[PDB]
Amino acid sequence: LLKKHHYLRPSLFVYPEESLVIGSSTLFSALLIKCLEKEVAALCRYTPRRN
DNA sequence: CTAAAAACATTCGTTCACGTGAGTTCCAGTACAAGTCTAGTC
DNA sequence: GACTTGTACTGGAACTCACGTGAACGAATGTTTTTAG
């Protein structure tokens, strides 16, 4: 359902960060593995900065 | 009348200036430890 | 106890990066008004 021609701005890269929350890496890896297996992208609401 | 030359209006891209949040690191400022405190005789 | 010298730690500011907002100029196109043939 993700159309290639539906491009707005350059894409970014999201990587796990264990410095702040301990155990986030395991959940991130599991989510990545299962998304790859099931070929599904996670829909999210993004708020880069306050206000 | 007629077309054409000039003027006017619009949208886009690039440039710049300013403001602001986030990450990195460099340094002034602070804290703390150690030494000094006069020179000589008997 | 007061001064001086030397060493170690540390939070704030400088720098950079990236994004958003607003203002200005020129290119290219389209459209309207006016004037000579």
# chains A, B, ... in the order shown; residues from 1 in each chain; ligands from 1

call {"tool": "interface_residues", "arguments": {"of": "chain B", "to": "chain A", "cutoff": "12 Å", "atoms": "only C-alpha atoms (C1' of nucleotides)", "output": "mmCIF file with N, CA and C atoms (P, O5', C5', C4', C3', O3' and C1' of nucleotides), in the first residue's frame"}}
result
data_model
loop_
_atom_site.group_PDB
_atom_site.id
_atom_site.type_symbol
_atom_site.label_atom_id
_atom_site.label_comp_id
_atom_site.auth_asym_id
_atom_site.auth_seq_id
_atom_site.Cartn_x
_atom_site.Cartn_y
_atom_site.Cartn_z
ATOM 1 P P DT B 20 14.219 32.816 18.981
ATOM 2 O "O5'" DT B 20 14.364 31.245 18.734
ATOM 3 C "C5'" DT B 20 13.362 30.551 18.005
ATOM 4 C "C4'" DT B 20 13.681 29.073 17.922
ATOM 5 C "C3'" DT B 20 14.403 28.505 19.148
ATOM 6 O "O3'" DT B 20 13.795 27.293 19.573
ATOM 7 C "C1'" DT B 20 15.602 27.970 17.191
ATOM 8 P P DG B 21 14.034 26.746 21.064
ATOM 9 O "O5'" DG B 21 14.385 25.201 20.851
ATOM 10 C "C5'" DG B 21 13.457 24.350 20.191
ATOM 11 C "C4'" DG B 21 14.128 23.068 19.730
ATOM 12 C "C3'" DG B 21 14.948 22.354 20.801
ATOM 13 O "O3'" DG B 21 14.741 20.948 20.740
ATOM 14 C "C1'" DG B 21 16.347 22.905 18.964
ATOM 15 P P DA B 22 15.365 19.988 21.865
ATOM 16 O "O5'" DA B 22 16.670 19.382 21.168
ATOM 17 C "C5'" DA B 22 16.545 18.615 19.979
ATOM 18 C "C4'" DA B 22 17.897 18.107 19.517
ATOM 19 C "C3'" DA B 22 18.797 17.581 20.636
ATOM 20 O "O3'" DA B 22 19.390 16.345 20.265
ATOM 21 C "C1'" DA B 22 19.926 19.282 19.430
#

call {"tool": "select_by_dssp", "arguments": {"residues": "chain A", "states": "helix (DSSP H, G or I)", "output": "ChimeraX atom specification"}}
result
/A:24-38

call {"tool": "write_last_selection", "arguments": {"atoms": "N, CA, C and O atoms", "output": "short mmCIF file (atom, residue, chain, number, x, y, z; two decimals), in the first residue's frame"}}
result
data_model
loop_
_atom_site.label_atom_id
_atom_site.label_comp_id
_atom_site.auth_asym_id
_atom_site.auth_seq_id
_atom_site.Cartn_x
_atom_site.Cartn_y
_atom_site.Cartn_z
N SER A 24 15.70 -1.52 24.89
CA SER A 24 15.05 -1.11 23.65
C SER A 24 15.62 -1.85 22.44
O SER A 24 14.90 -2.07 21.46
N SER A 25 16.90 -2.22 22.50
CA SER A 25 17.52 -2.88 21.35
C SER A 25 16.85 -4.22 21.05
O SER A 25 16.63 -4.56 19.88
N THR A 26 16.53 -5.00 22.09
CA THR A 26 15.91 -6.30 21.87
C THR A 26 14.54 -6.15 21.21
O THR A 26 14.22 -6.86 20.24
N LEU A 27 13.72 -5.23 21.72
CA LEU A 27 12.40 -5.02 21.14
C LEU A 27 12.51 -4.50 19.71
O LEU A 27 11.75 -4.92 18.83
N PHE A 28 13.45 -3.59 19.46
CA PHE A 28 13.64 -3.08 18.11
C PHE A 28 14.05 -4.20 17.16
O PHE A 28 13.54 -4.28 16.03
N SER A 29 14.96 -5.07 17.59
CA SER A 29 15.40 -6.17 16.74
C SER A 29 14.25 -7.13 16.46
O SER A 29 14.08 -7.59 15.32
N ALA A 30 13.46 -7.45 17.48
CA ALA A 30 12.32 -8.34 17.27
C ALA A 30 11.32 -7.73 16.30
O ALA A 30 10.82 -8.41 15.39
N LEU A 31 11.02 -6.44 16.47
CA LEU A 31 10.09 -5.77 15.57
C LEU A 31 10.62 -5.77 14.14
O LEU A 31 9.87 -6.02 13.19
N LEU A 32 11.92 -5.49 13.97
CA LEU A 32 12.51 -5.48 12.64
C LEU A 32 12.42 -6.86 12.00
O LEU A 32 12.04 -6.99 10.82
N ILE A 33 12.75 -7.90 12.76
CA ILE A 33 12.74 -9.26 12.21
C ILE A 33 11.33 -9.64 11.79
O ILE A 33 11.11 -10.18 10.70
N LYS A 34 10.34 -9.36 12.65
CA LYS A 34 8.98 -9.76 12.32
C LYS A 34 8.39 -8.92 11.20
O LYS A 34 7.60 -9.44 10.40
N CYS A 35 8.75 -7.64 11.11
CA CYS A 35 8.30 -6.83 9.99
C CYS A 35 8.90 -7.33 8.68
O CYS A 35 8.21 -7.37 7.65
N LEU A 36 10.18 -7.71 8.69
CA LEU A 36 10.78 -8.29 7.50
C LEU A 36 10.09 -9.59 7.11
O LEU A 36 9.81 -9.83 5.93
N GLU A 37 9.80 -10.44 8.10
CA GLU A 37 9.14 -11.71 7.81
C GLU A 37 7.74 -11.49 7.23
O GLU A 37 7.35 -12.16 6.27
N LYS A 38 6.98 -10.55 7.80
CA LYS A 38 5.60 -10.31 7.40
C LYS A 38 5.47 -9.21 6.35
O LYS A 38 4.36 -8.99 5.86
#

call {"tool": "closest_atom_pairs", "arguments": {"of": "range 3-38 of chain B", "to": "range 4-16 of chain C", "cutoff": "10 Å", "atoms": "only C-alpha atoms (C1' of nucleotides)", "output": "CSV"}}
result
residue,atom,partner,partner_atom,distance
B:23,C1',C:16,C1',8.9
B:24,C1',C:16,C1',8.5
B:25,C1',C:15,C1',8.8
B:26,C1',C:14,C1',8.2
B:27,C1',C:13,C1',9.2
B:28,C1',C:12,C1',9.5
B:29,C1',C:10,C1',9.1
B:30,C1',C:10,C1',8.5
B:31,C1',C:9,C1',8.0
B:32,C1',C:8,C1',8.4
B:33,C1',C:7,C1',8.3
B:34,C1',C:6,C1',8.5
B:35,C1',C:5,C1',8.3
B:36,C1',C:4,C1',8.3

call {"tool": "write_last_selection", "arguments": {"atoms": "N, CA and C atoms (P, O5', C5', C4', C3', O3' and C1' of nucleotides)", "output": "mmCIF file, in the first residue's frame"}}
result
data_model
loop_
_atom_site.group_PDB
_atom_site.id
_atom_site.type_symbol
_atom_site.label_atom_id
_atom_site.label_comp_id
_atom_site.auth_asym_id
_atom_site.auth_seq_id
_atom_site.Cartn_x
_atom_site.Cartn_y
_atom_site.Cartn_z
ATOM 1 P P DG B 23 20.116 15.435 21.369
ATOM 2 O "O5'" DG B 23 21.638 15.385 20.882
ATOM 3 C "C5'" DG B 23 21.952 14.898 19.585
ATOM 4 C "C4'" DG B 23 23.380 15.240 19.207
ATOM 5 C "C3'" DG B 23 24.430 14.853 20.253
ATOM 6 O "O3'" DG B 23 25.494 14.125 19.650
ATOM 7 C "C1'" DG B 23 24.646 17.153 19.683
ATOM 8 P P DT B 24 26.627 13.443 20.563
ATOM 9 O "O5'" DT B 24 27.868 14.443 20.443
ATOM 10 C "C5'" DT B 24 28.436 14.716 19.171
ATOM 11 C "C4'" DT B 24 29.512 15.781 19.271
ATOM 12 C "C3'" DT B 24 30.578 15.522 20.343
ATOM 13 O "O3'" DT B 24 31.878 15.518 19.762
ATOM 14 C "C1'" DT B 24 29.722 17.740 20.514
ATOM 15 P P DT B 25 33.159 15.117 20.644
ATOM 16 O "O5'" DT B 25 33.730 16.523 21.147
ATOM 17 C "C5'" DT B 25 34.077 17.527 20.203
ATOM 18 C "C4'" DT B 25 34.529 18.796 20.898
ATOM 19 C "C3'" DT B 25 35.524 18.587 22.043
ATOM 20 O "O3'" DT B 25 36.450 19.661 22.106
ATOM 21 C "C1'" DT B 25 33.677 19.705 22.867
ATOM 22 P P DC B 26 37.926 19.526 21.494
ATOM 23 O "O5'" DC B 26 38.579 20.952 21.806
ATOM 24 C "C5'" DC B 26 37.940 22.141 21.344
ATOM 25 C "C4'" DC B 26 37.637 23.095 22.493
ATOM 26 C "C3'" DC B 26 38.714 23.177 23.577
ATOM 27 O "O3'" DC B 26 39.510 24.343 23.397
ATOM 28 C "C1'" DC B 26 36.465 23.212 24.475
ATOM 29 P P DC B 27 40.673 24.703 24.446
ATOM 30 O "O5'" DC B 27 39.925 25.585 25.551
ATOM 31 C "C5'" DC B 27 39.005 26.593 25.150
ATOM 32 C "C4'" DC B 27 38.339 27.228 26.355
ATOM 33 C "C3'" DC B 27 39.291 27.567 27.501
ATOM 34 O "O3'" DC B 27 38.952 28.819 28.086
ATOM 35 C "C1'" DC B 27 37.619 26.091 28.280
ATOM 36 P P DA B 28 40.035 29.627 28.957
ATOM 37 O "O5'" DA B 28 39.157 30.338 30.087
ATOM 38 C "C5'" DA B 28 38.052 31.152 29.718
ATOM 39 C "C4'" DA B 28 37.004 31.178 30.816
ATOM 40 C "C3'" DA B 28 37.481 31.746 32.144
ATOM 41 O "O3'" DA B 28 36.441 32.484 32.779
ATOM 42 C "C1'" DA B 28 36.974 29.417 32.390
ATOM 43 P P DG B 29 36.718 33.241 34.169
ATOM 44 O "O5'" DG B 29 36.130 32.239 35.267
ATOM 45 C "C5'" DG B 29 34.784 31.791 35.164
ATOM 46 C "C4'" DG B 29 34.531 30.616 36.089
ATOM 47 C "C3'" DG B 29 35.020 30.816 37.528
ATOM 48 O "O3'" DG B 29 33.923 30.797 38.434
ATOM 49 C "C1'" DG B 29 35.666 28.672 36.667
ATOM 50 P P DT B 30 34.139 31.193 39.975
ATOM 51 O "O5'" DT B 30 34.267 29.782 40.714
ATOM 52 C "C5'" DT B 30 33.248 28.805 40.555
ATOM 53 C "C4'" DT B 30 33.738 27.435 40.983
ATOM 54 C "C3'" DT B 30 34.308 27.371 42.400
ATOM 55 O "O3'" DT B 30 33.386 26.742 43.280
ATOM 56 C "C1'" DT B 30 35.627 26.116 40.813
ATOM 57 P P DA B 31 33.703 26.651 44.851
ATOM 58 O "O5'" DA B 31 34.533 25.293 44.995
ATOM 59 C "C5'" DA B 31 33.998 24.077 44.489
ATOM 60 C "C4'" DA B 31 35.003 22.947 44.617
ATOM 61 C "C3'" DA B 31 35.684 22.857 45.984
ATOM 62 O "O3'" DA B 31 35.482 21.571 46.554
ATOM 63 C "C1'" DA B 31 37.311 22.865 44.221
ATOM 64 P P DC B 32 35.879 21.295 48.085
ATOM 65 O "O5'" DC B 32 37.350 20.681 47.985
ATOM 66 C "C5'" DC B 32 37.595 19.585 47.119
ATOM 67 C "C4'" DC B 32 39.082 19.326 46.982
ATOM 68 C "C3'" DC B 32 39.868 19.382 48.298
ATOM 69 O "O3'" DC B 32 40.548 18.153 48.528
ATOM 70 C "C1'" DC B 32 40.946 20.653 46.604
ATOM 71 P P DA B 33 41.417 17.944 49.862
ATOM 72 O "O5'" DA B 33 42.925 17.955 49.338
ATOM 73 C "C5'" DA B 33 43.324 17.054 48.316
ATOM 74 C "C4'" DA B 33 44.812 17.161 48.046
ATOM 75 C "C3'" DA B 33 45.685 17.196 49.295
ATOM 76 O "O3'" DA B 33 46.873 16.440 49.096
ATOM 77 C "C1'" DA B 33 45.966 19.217 48.070
ATOM 78 P P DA B 34 47.865 16.154 50.325
ATOM 79 O "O5'" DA B 34 49.054 17.194 50.101
ATOM 80 C "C5'" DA B 34 49.770 17.195 48.874
ATOM 81 C "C4'" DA B 34 50.740 18.358 48.812
ATOM 82 C "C3'" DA B 34 51.527 18.606 50.101
ATOM 83 O "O3'" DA B 34 52.920 18.671 49.828
ATOM 84 C "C1'" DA B 34 50.477 20.614 49.373
ATOM 85 P P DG B 35 53.976 18.799 51.031
ATOM 86 O "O5'" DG B 35 54.497 20.305 50.917
ATOM 87 C "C5'" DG B 35 54.996 20.788 49.676
ATOM 88 C "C4'" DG B 35 55.327 22.264 49.764
ATOM 89 C "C3'" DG B 35 56.067 22.677 51.037
ATOM 90 O "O3'" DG B 35 57.190 23.490 50.722
ATOM 91 C "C1'" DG B 35 54.101 23.988 50.774
ATOM 92 P P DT B 36 58.182 23.984 51.885
ATOM 93 O "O5'" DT B 36 57.643 25.444 52.245
ATOM 94 C "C5'" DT B 36 57.559 26.439 51.232
ATOM 95 C "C4'" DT B 36 57.169 27.780 51.822
ATOM 96 C "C3'" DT B 36 57.821 28.094 53.172
ATOM 97 O "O3'" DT B 36 58.493 29.346 53.125
ATOM 98 C "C1'" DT B 36 55.451 28.378 53.292
#

call {"tool": "atom_distance", "arguments": {"atom1": "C1' of residue 24 in chain C", "atom2": "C1' of residue 8 in chain B"}}
result
19.3 Å

call {"tool": "residues_around", "arguments": {"residues": "residue 37 in chain B", "least_positions_apart": "5", "cutoff": "12 Å", "atoms": "only C-alpha atoms (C1' of nucleotides)", "output": "PDB file with N, CA and C atoms (P, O5', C5', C4', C3', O3' and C1' of nucleotides), in the first residue's frame"}}
result
ATOM      1  P    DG C   1      41.762  28.290  61.684  1.00  0.00           P
ATOM      2  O5'  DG C   1      42.709  29.461  61.158  1.00  0.00           O
ATOM      3  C5'  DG C   1      42.923  30.615  61.959  1.00  0.00           C
ATOM      4  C4'  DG C   1      43.654  31.688  61.175  1.00  0.00           C
ATOM      5  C3'  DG C   1      43.090  31.955  59.786  1.00  0.00           C
ATOM      6  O3'  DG C   1      43.198  33.332  59.453  1.00  0.00           O
ATOM      7  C1'  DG C   1      45.302  31.147  59.586  1.00  0.00           C
ATOM      8  P    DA C   2      42.229  33.976  58.347  1.00  0.00           P
ATOM      9  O5'  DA C   2      43.215  34.354  57.145  1.00  0.00           O
ATOM     10  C5'  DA C   2      44.139  35.421  57.297  1.00  0.00           C
ATOM     11  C4'  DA C   2      45.286  35.296  56.311  1.00  0.00           C
ATOM     12  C3'  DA C   2      44.872  35.267  54.834  1.00  0.00           C
ATOM     13  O3'  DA C   2      45.412  36.388  54.144  1.00  0.00           O
ATOM     14  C1'  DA C   2      46.459  33.547  55.334  1.00  0.00           C
ATOM     15  P    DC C   3      44.975  36.696  52.630  1.00  0.00           P
ATOM     16  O5'  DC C   3      46.137  36.035  51.755  1.00  0.00           O
ATOM     17  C5'  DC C   3      47.460  36.546  51.838  1.00  0.00           C
ATOM     18  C4'  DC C   3      48.464  35.569  51.251  1.00  0.00           C
ATOM     19  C3'  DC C   3      48.307  35.294  49.753  1.00  0.00           C
ATOM     20  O3'  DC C   3      49.284  36.010  49.007  1.00  0.00           O
ATOM     21  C1'  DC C   3      48.842  33.315  51.023  1.00  0.00           C
ATOM     22  P    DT C   4      49.210  36.045  47.403  1.00  0.00           P
ATOM     23  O5'  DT C   4      49.902  34.675  46.952  1.00  0.00           O
ATOM     24  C5'  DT C   4      51.272  34.437  47.256  1.00  0.00           C
ATOM     25  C4'  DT C   4      51.686  33.031  46.852  1.00  0.00           C
ATOM     26  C3'  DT C   4      51.396  32.670  45.391  1.00  0.00           C
ATOM     27  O3'  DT C   4      52.610  32.508  44.668  1.00  0.00           O
ATOM     28  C1'  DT C   4      50.775  30.901  46.894  1.00  0.00           C
TER      29       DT C   4
END

call {"tool": "closest_atom_pairs", "arguments": {"of": "chain C", "to": "chain A", "cutoff": "12 Å", "atoms": "only C-alpha atoms (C1' of nucleotides)", "output": "tab-separated table"}}
result
residue	atom	partner	partner_atom	distance
C:18	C1'	A:48	CA	11.6
C:19	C1'	A:49	CA	10.0
C:20	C1'	A:49	CA	11.3

call {"tool": "atom_distance", "arguments": {"atom1": "CA of residue 5 in chain A", "atom2": "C1' of residue 14 in chain B"}}
result
25.6 Å

call {"tool": "decode", "arguments": {"residues": "chain C", "atoms": "N, CA and C atoms (P, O5', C5', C4', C3', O3' and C1' of nucleotides)", "output": "short mmCIF file (atom, residue, chain, number, x, y, z; two decimals), in the first residue's frame"}}
result
data_model
loop_
_atom_site.label_atom_id
_atom_site.label_comp_id
_atom_site.auth_asym_id
_atom_site.auth_seq_id
_atom_site.Cartn_x
_atom_site.Cartn_y
_atom_site.Cartn_z
P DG C 1 41.76 28.29 61.68
"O5'" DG C 1 42.71 29.46 61.16
"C5'" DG C 1 42.92 30.61 61.96
"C4'" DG C 1 43.65 31.69 61.18
"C3'" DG C 1 43.09 31.95 59.79
"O3'" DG C 1 43.20 33.33 59.45
"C1'" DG C 1 45.30 31.15 59.59
P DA C 2 42.23 33.98 58.35
"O5'" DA C 2 43.21 34.35 57.14
"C5'" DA C 2 44.14 35.42 57.30
"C4'" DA C 2 45.29 35.30 56.31
"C3'" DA C 2 44.87 35.27 54.83
"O3'" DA C 2 45.41 36.39 54.14
"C1'" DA C 2 46.46 33.55 55.33
P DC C 3 44.97 36.70 52.63
"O5'" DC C 3 46.14 36.03 51.75
"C5'" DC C 3 47.46 36.55 51.84
"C4'" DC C 3 48.46 35.57 51.25
"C3'" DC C 3 48.31 35.29 49.75
"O3'" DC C 3 49.28 36.01 49.01
"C1'" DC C 3 48.84 33.32 51.02
P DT C 4 49.21 36.05 47.40
"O5'" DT C 4 49.90 34.68 46.95
"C5'" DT C 4 51.27 34.44 47.26
"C4'" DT C 4 51.69 33.03 46.85
"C3'" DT C 4 51.40 32.67 45.39
"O3'" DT C 4 52.61 32.51 44.67
"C1'" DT C 4 50.78 30.90 46.89
P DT C 5 52.58 32.31 43.08
"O5'" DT C 5 52.55 30.72 42.89
"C5'" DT C 5 53.59 29.92 43.43
"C4'" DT C 5 53.27 28.44 43.30
"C3'" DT C 5 52.86 28.00 41.89
"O3'" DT C 5 53.78 27.04 41.38
"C1'" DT C 5 51.37 27.13 43.54
P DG C 6 53.64 26.50 39.87
"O5'" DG C 6 52.78 25.17 40.02
"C5'" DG C 6 53.24 24.11 40.86
"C4'" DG C 6 52.20 23.01 40.98
"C3'" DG C 6 51.61 22.54 39.64
"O3'" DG C 6 51.79 21.14 39.49
"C1'" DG C 6 49.88 23.04 41.20
P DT C 7 51.40 20.42 38.11
"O5'" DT C 7 50.00 19.71 38.43
"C5'" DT C 7 49.91 18.77 39.49
"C4'" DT C 7 48.46 18.38 39.75
"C3'" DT C 7 47.70 17.89 38.52
"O3'" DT C 7 47.27 16.55 38.69
"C1'" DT C 7 46.42 19.49 39.76
P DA C 8 46.44 15.80 37.54
"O5'" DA C 8 44.92 15.98 37.98
"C5'" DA C 8 44.49 15.54 39.26
"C4'" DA C 8 43.01 15.78 39.46
"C3'" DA C 8 42.13 15.37 38.28
"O3'" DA C 8 40.98 14.65 38.73
"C1'" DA C 8 41.77 17.66 38.80
P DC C 9 39.97 13.99 37.67
"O5'" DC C 9 38.64 14.85 37.84
"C5'" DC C 9 38.08 15.04 39.13
"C4'" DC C 9 36.98 16.08 39.10
"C3'" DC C 9 35.93 15.87 38.01
"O3'" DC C 9 34.62 16.00 38.56
"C1'" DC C 9 36.83 18.06 37.86
P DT C 10 33.32 15.65 37.68
"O5'" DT C 10 32.35 16.88 37.96
"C5'" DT C 10 32.89 18.18 38.18
"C4'" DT C 10 32.05 19.25 37.51
"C3'" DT C 10 31.15 18.76 36.39
"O3'" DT C 10 30.02 19.60 36.25
"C1'" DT C 10 32.76 20.17 35.47
P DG C 11 28.57 18.99 35.92
"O5'" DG C 11 27.68 20.29 35.62
"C5'" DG C 11 27.68 21.38 36.54
"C4'" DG C 11 27.71 22.71 35.81
"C3'" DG C 11 26.67 22.86 34.72
"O3'" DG C 11 26.24 24.22 34.62
"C1'" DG C 11 28.82 22.89 33.74
P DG C 12 25.08 24.64 33.59
"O5'" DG C 12 25.77 25.75 32.68
"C5'" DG C 12 26.45 26.84 33.28
"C4'" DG C 12 27.09 27.74 32.24
"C3'" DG C 12 26.23 28.04 31.03
"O3'" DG C 12 26.53 29.34 30.52
"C1'" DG C 12 28.08 26.72 30.35
P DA C 13 25.81 29.89 29.19
"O5'" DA C 13 27.00 29.96 28.13
"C5'" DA C 13 28.24 30.55 28.49
"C4'" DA C 13 29.20 30.57 27.31
"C3'" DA C 13 28.59 31.01 26.00
"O3'" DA C 13 29.56 31.68 25.19
"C1'" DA C 13 29.17 28.70 25.87
P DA C 14 29.16 32.24 23.74
"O5'" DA C 14 30.01 31.33 22.74
"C5'" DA C 14 31.40 31.16 22.95
"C4'" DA C 14 32.01 30.26 21.89
"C3'" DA C 14 31.49 30.48 20.48
"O3'" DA C 14 32.54 30.39 19.53
"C1'" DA C 14 30.95 28.27 21.19
P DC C 15 32.30 30.84 18.01
"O5'" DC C 15 32.03 29.47 17.25
"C5'" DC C 15 33.00 28.43 17.28
"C4'" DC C 15 32.40 27.11 16.86
"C3'" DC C 15 31.61 27.15 15.56
"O3'" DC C 15 32.39 26.66 14.47
"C1'" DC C 15 30.57 25.77 17.26
P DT C 16 31.85 26.78 12.97
"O5'" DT C 16 30.92 25.49 12.79
"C5'" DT C 16 31.45 24.20 13.06
"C4'" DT C 16 30.34 23.17 13.16
"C3'" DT C 16 29.41 23.11 11.94
"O3'" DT C 16 29.63 21.91 11.20
"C1'" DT C 16 28.19 23.03 14.01
P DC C 17 29.02 21.74 9.73
"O5'" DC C 17 27.55 21.16 10.00
"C5'" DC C 17 27.39 19.94 10.70
"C4'" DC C 17 25.94 19.71 11.06
"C3'" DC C 17 24.95 19.84 9.90
"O3'" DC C 17 24.39 18.58 9.57
"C1'" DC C 17 24.16 20.92 11.89
P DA C 18 23.62 18.37 8.18
"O5'" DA C 18 22.12 18.81 8.52
"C5'" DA C 18 21.35 18.07 9.45
"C4'" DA C 18 20.10 18.82 9.86
"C3'" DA C 18 19.21 19.26 8.70
"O3'" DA C 18 18.05 18.43 8.62
"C1'" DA C 18 19.44 20.97 10.38
P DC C 19 17.02 18.59 7.40
"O5'" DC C 19 15.96 19.66 7.93
"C5'" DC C 19 15.21 19.40 9.10
"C4'" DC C 19 14.51 20.65 9.60
"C3'" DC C 19 13.58 21.31 8.59
"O3'" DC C 19 12.22 21.02 8.90
"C1'" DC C 19 14.88 22.91 9.84
P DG C 20 11.04 21.52 7.94
"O5'" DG C 20 10.68 22.97 8.49
"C5'" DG C 20 10.30 23.14 9.85
"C4'" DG C 20 10.13 24.61 10.19
"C3'" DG C 20 9.25 25.40 9.21
"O3'" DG C 20 8.21 26.08 9.91
"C1'" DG C 20 11.33 26.51 9.55
P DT C 21 7.00 26.75 9.10
"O5'" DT C 21 7.43 28.29 8.98
"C5'" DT C 21 7.65 29.06 10.15
"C4'" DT C 21 8.15 30.45 9.81
"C3'" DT C 21 7.40 31.14 8.66
"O3'" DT C 21 6.76 32.31 9.14
"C1'" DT C 21 9.78 31.34 8.41
P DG C 22 5.75 33.12 8.19
"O5'" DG C 22 6.67 34.24 7.51
"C5'" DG C 22 7.44 35.10 8.34
"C4'" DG C 22 8.40 35.93 7.51
"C3'" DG C 22 7.78 36.56 6.25
"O3'" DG C 22 7.93 37.98 6.29
"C1'" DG C 22 9.84 35.48 5.74
P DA C 23 7.36 38.89 5.09
"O5'" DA C 23 8.67 39.22 4.23
"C5'" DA C 23 9.87 39.61 4.88
"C4'" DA C 23 10.91 40.08 3.89
"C3'" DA C 23 10.34 40.72 2.62
"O3'" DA C 23 11.14 41.82 2.22
"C1'" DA C 23 11.61 38.81 2.03
P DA C 24 10.74 42.70 0.93
"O5'" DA C 24 11.78 42.24 -0.19
"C5'" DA C 24 13.18 42.36 0.06
"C4'" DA C 24 13.99 41.82 -1.11
"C3'" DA C 24 13.50 42.27 -2.49
"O3'" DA C 24 14.57 42.82 -3.24
"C1'" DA C 24 13.72 39.89 -2.41
P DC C 25 14.27 43.71 -4.54
"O5'" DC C 25 14.85 42.83 -5.74
"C5'" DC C 25 16.20 42.40 -5.72
"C4'" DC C 25 16.41 41.24 -6.67
"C3'" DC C 25 15.92 41.48 -8.09
"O3'" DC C 25 17.02 41.64 -8.98
"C1'" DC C 25 15.28 39.30 -7.27
P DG C 26 16.77 42.08 -10.51
"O5'" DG C 26 16.60 40.69 -11.28
"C5'" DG C 26 17.62 39.71 -11.21
"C4'" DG C 26 17.19 38.42 -11.88
"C3'" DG C 26 16.60 38.59 -13.28
"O3'" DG C 26 17.15 37.64 -14.18
"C1'" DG C 26 15.08 37.41 -11.90
P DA C 27 16.75 37.66 -15.74
"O5'" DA C 27 16.01 36.25 -15.95
"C5'" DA C 27 16.66 35.05 -15.57
"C4'" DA C 27 15.76 33.84 -15.80
"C3'" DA C 27 15.10 33.80 -17.17
"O3'" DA C 27 15.09 32.48 -17.69
"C1'" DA C 27 13.43 33.90 -15.47
P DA C 28 14.96 32.21 -19.27
"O5'" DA C 28 13.43 31.80 -19.46
"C5'" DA C 28 12.92 30.67 -18.77
"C4'" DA C 28 11.41 30.76 -18.64
"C3'" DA C 28 10.67 31.10 -19.94
"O3'" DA C 28 10.10 29.93 -20.52
"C1'" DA C 28 9.75 32.23 -18.01
P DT C 29 9.29 30.02 -21.90
"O5'" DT C 29 7.80 30.39 -21.44
"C5'" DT C 29 7.16 29.62 -20.42
"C4'" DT C 29 5.89 30.29 -19.94
"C3'" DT C 29 4.93 30.71 -21.05
"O3'" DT C 29 3.85 29.78 -21.16
"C1'" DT C 29 5.11 32.36 -19.29
P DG C 30 2.75 29.95 -22.32
"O5'" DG C 30 1.69 30.96 -21.70
"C5'" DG C 30 1.05 30.66 -20.47
"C4'" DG C 30 0.29 31.86 -19.93
"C3'" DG C 30 -0.73 32.45 -20.91
"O3'" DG C 30 -2.04 32.40 -20.36
"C1'" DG C 30 0.65 34.16 -19.94
P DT C 31 -3.31 32.83 -21.24
"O5'" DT C 31 -3.50 34.38 -20.90
"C5'" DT C 31 -3.66 34.79 -19.55
"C4'" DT C 31 -3.76 36.30 -19.45
"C3'" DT C 31 -4.70 36.95 -20.47
"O3'" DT C 31 -5.70 37.73 -19.82
"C1'" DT C 31 -2.59 38.06 -20.43
P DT C 32 -6.82 38.50 -20.67
"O5'" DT C 32 -6.35 40.03 -20.60
"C5'" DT C 32 -6.11 40.64 -19.33
"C4'" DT C 32 -5.67 42.08 -19.50
"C3'" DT C 32 -6.54 42.91 -20.44
"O3'" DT C 32 -6.84 44.17 -19.85
"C1'" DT C 32 -4.27 42.97 -21.17
P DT C 33 -7.77 45.23 -20.63
"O5'" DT C 33 -6.73 46.33 -21.15
"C5'" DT C 33 -5.81 46.91 -20.24
"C4'" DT C 33 -4.92 47.93 -20.93
"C3'" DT C 33 -5.66 48.86 -21.89
"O3'" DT C 33 -5.23 50.21 -21.71
"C1'" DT C 33 -3.94 47.70 -23.06
P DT C 34 -5.80 51.38 -22.65
"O5'" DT C 34 -4.61 51.65 -23.68
"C5'" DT C 34 -3.27 51.73 -23.20
"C4'" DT C 34 -2.30 51.99 -24.33
"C3'" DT C 34 -2.78 53.01 -25.36
"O3'" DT C 34 -1.71 53.84 -25.77
"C1'" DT C 34 -2.43 50.92 -26.42
P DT C 35 -1.97 55.08 -26.77
"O5'" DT C 35 -1.20 54.65 -28.10
"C5'" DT C 35 0.13 54.15 -28.02
"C4'" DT C 35 0.63 53.74 -29.39
"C3'" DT C 35 0.23 54.67 -30.52
"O3'" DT C 35 1.24 54.72 -31.52
"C1'" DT C 35 -0.71 52.55 -30.91
P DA C 36 1.26 55.90 -32.61
"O5'" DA C 36 1.87 55.20 -33.92
"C5'" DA C 36 3.14 54.57 -33.86
"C4'" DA C 36 3.28 53.52 -34.95
"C3'" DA C 36 3.05 54.03 -36.36
"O3'" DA C 36 3.87 53.32 -37.29
"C1'" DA C 36 1.34 52.48 -35.78
P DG C 37 3.73 53.59 -38.87
"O5'" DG C 37 2.80 52.40 -39.38
"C5'" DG C 37 3.16 51.05 -39.10
"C4'" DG C 37 2.57 50.10 -40.13
"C3'" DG C 37 2.47 50.67 -41.54
"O3'" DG C 37 2.62 49.65 -42.52
"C1'" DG C 37 0.28 50.41 -40.61
#
